[PDB]
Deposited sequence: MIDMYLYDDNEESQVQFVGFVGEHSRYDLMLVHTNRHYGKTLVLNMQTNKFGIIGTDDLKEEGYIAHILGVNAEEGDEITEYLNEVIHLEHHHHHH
């Protein structure tokens, strides 16, 4: 199959230093795509963040603190 969709990509960086990419698509039922540009791992989010982004426990909490905010 091939499906195309126009979506808003959000590049974010905050300070460890983190640089994330956020893809908002309708295919994941409100869930957001979070791409870690430094570890090149991604996950669909609705210590799972630390495990799904390849990052230690409290780095994952800092990503989680940024993610629940937005």
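Asks: Counting from 1 along the deposited sequence, what's missing?
Replies: Unobserved in coordinates, per deposited numbering: 1 to 6, 22 to 24, 56 to 62, 87 to 96.
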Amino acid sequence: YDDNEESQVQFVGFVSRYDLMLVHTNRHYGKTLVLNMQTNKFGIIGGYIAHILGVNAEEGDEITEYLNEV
From here on, numbers count along this sequence of modelled residues.
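Asks: Comparing 22 to 30 with 35 to 43, which stretch shows the greater average C-alpha B-factor in the deposited entry?
Replies: So the stretch with the higher mean C-alpha B-factor is 22 to 30.
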